[PDB]
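Structure 1 and structure 2 below are the same protein chain in two forms, each given by itself as structure tokens.
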Structure 1
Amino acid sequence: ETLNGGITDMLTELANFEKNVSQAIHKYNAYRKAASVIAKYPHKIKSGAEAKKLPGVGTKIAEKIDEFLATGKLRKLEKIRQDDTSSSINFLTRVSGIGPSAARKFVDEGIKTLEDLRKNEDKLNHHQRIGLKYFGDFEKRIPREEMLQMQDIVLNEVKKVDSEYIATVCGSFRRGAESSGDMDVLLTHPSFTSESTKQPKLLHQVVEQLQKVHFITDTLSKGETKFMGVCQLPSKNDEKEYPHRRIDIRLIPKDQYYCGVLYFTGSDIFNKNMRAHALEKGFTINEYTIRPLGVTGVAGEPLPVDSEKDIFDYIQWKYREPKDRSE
């Protein structure tokens, strides 16, 4: 956790680059198990050979660990930090819409910067365009005090459209968090479930409402159940308009709201121990359901949940206020 921090980190840079610049997934994958093992490892790796000793740790990695331990640095790491090509790919990639794949193409065409991007707005698609338009705003975190106004909004219009809607703002917002990065809304309706055959309108009508009153400004992606957009809190009395914010909205069968709802609330960490404990308590849990684990090895059967309450209970746990879901 700090004993092998450097090593784990360099390995991480190294891993990252494989995947992003080069396309060495295998190699890339290599750095990752390595870092994961050297991460859990209890002592102070004093050398390469010491590390080699681990699974995941081969000769190459070992070599690296050595040079790194030997001197506060790594050549290859040094060479990568310079190389403008590598840097460019790391940067283009910040644009929502551009991944490595694409980060690669554009570079090979000469688009390496933001400007390049603007000039070549033609080669970009819709999402990327948006991303480009809001690069800045995209990176600003969401101050909790804003979230409240936002939540305040979605929740009223959702209501107006249908009294039966049930929206929940999950995420870190939901977890206490002073600021968050995106707004995720969970959505269900009594009239939408496991079996029931669809009702896309369910998701569409709200989306519309939101843009009706101008809270949603753009559409990144709109499906029958998942919507990815951009939104903004109405600028008050002209002087300080708000940044454009990322927002996702998801339709869920009413029969698996809470699992989902619970689940998005995270944190990853809160998740697992819950999952793990659930496993003890004789269960199973995922994004949509909880299930009584048979003994034959495994087994299913969607336990019936009417709250986050019904869940914990299952696993015979203490109901965790959202804040306390930290880990």
Structure 2
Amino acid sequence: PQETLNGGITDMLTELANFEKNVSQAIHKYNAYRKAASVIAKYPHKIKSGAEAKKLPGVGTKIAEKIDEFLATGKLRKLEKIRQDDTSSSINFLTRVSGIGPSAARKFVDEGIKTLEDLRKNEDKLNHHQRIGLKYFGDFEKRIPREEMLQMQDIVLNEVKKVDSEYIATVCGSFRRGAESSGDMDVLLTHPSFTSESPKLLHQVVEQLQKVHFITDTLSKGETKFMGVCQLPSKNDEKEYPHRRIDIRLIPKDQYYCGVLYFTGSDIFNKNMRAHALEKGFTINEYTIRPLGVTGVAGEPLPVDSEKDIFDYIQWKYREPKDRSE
């Protein structure tokens, strides 16, 4: 399917999703609307009625009702009303700033702070994350083409290896799945001297990337997880590159390949792989693969030395990251 099919419907549910998350603070309704929007997006027919829709998993009576009103009128009275509501539309908007969630956004709107402009002139009321969110607002909503992503990886792999050539680093996410575009860059990191039963391995890497001016800002940083901002170097006499979000995780060697598997995704793959792994009598999380004893008692973590090792535990042939779409 393409947008033309049911796009009007999926954008409707998407709008509703966002209002529930950001304004109503109903994360479960947010996820329900998204489930609905997603499954309709894959459905290869121009839907004709709510009842047709209701046959799909995740679409219930309420969405089938909404689809009917939209089909017959071309709009939803609720969305129309919401869209015109200064308070709600402003609360929703502010959440686009990284670090401003629905609670901060409601607080800001409670006190008259409604726009980026109001944020700009109210710097003191923003934490560190939010200020970086604000500063990079437009940059953070841009996608990252694969070629820039390839250039970003070049930099990360070169500099990590310079710090210690025994580091293992893997750019995961959709990029590793061969996506043509990316939302950010997620880098998983491990070192032989770091296992489950075992200095500042992560700080040393972050610092090197800051030394060559690849990492430009820090959103959060501890011993195992770094979240921040990076930027490719502008070619001599040429427009700067956008600033990009990058996350760096330090994982123990023995849970590294579980981490790669998990953070490569995508979600559908993990959910199905975990599902099938349950049928086959193991449990897989982000960190481990544990077998289930006769009743339901998960034993200790199994030895994993590669992504394939975990496939080779649950009788699956190693699927490539290219086809871990579902």
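Each form is matched to the other, and the largest set of C-alpha atoms that superpose within 1.5 Å is called the rigid core. Quick note, the numbers are simply positions in structure 1, starting from 1.
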query	finding
Pivot point of the rigid parts between structure 1 and structure 2 (hinge, one of 209, 113, 82, 283)	82
Rigid-part reorientation between structure 1 and structure 2, C-alpha based, degrees	25
Cα displacement of residue 65 between structure 1 and structure 2, once the rigid core is superposed (Å)	9.0
Value in Å for the CA shift of residue 21 between structure 1 and structure 2, taken after the core is superposed	2.6
For residue 176, CA displacement between structure 1 and structure 2 after the core is overlaid, in Å	1.1
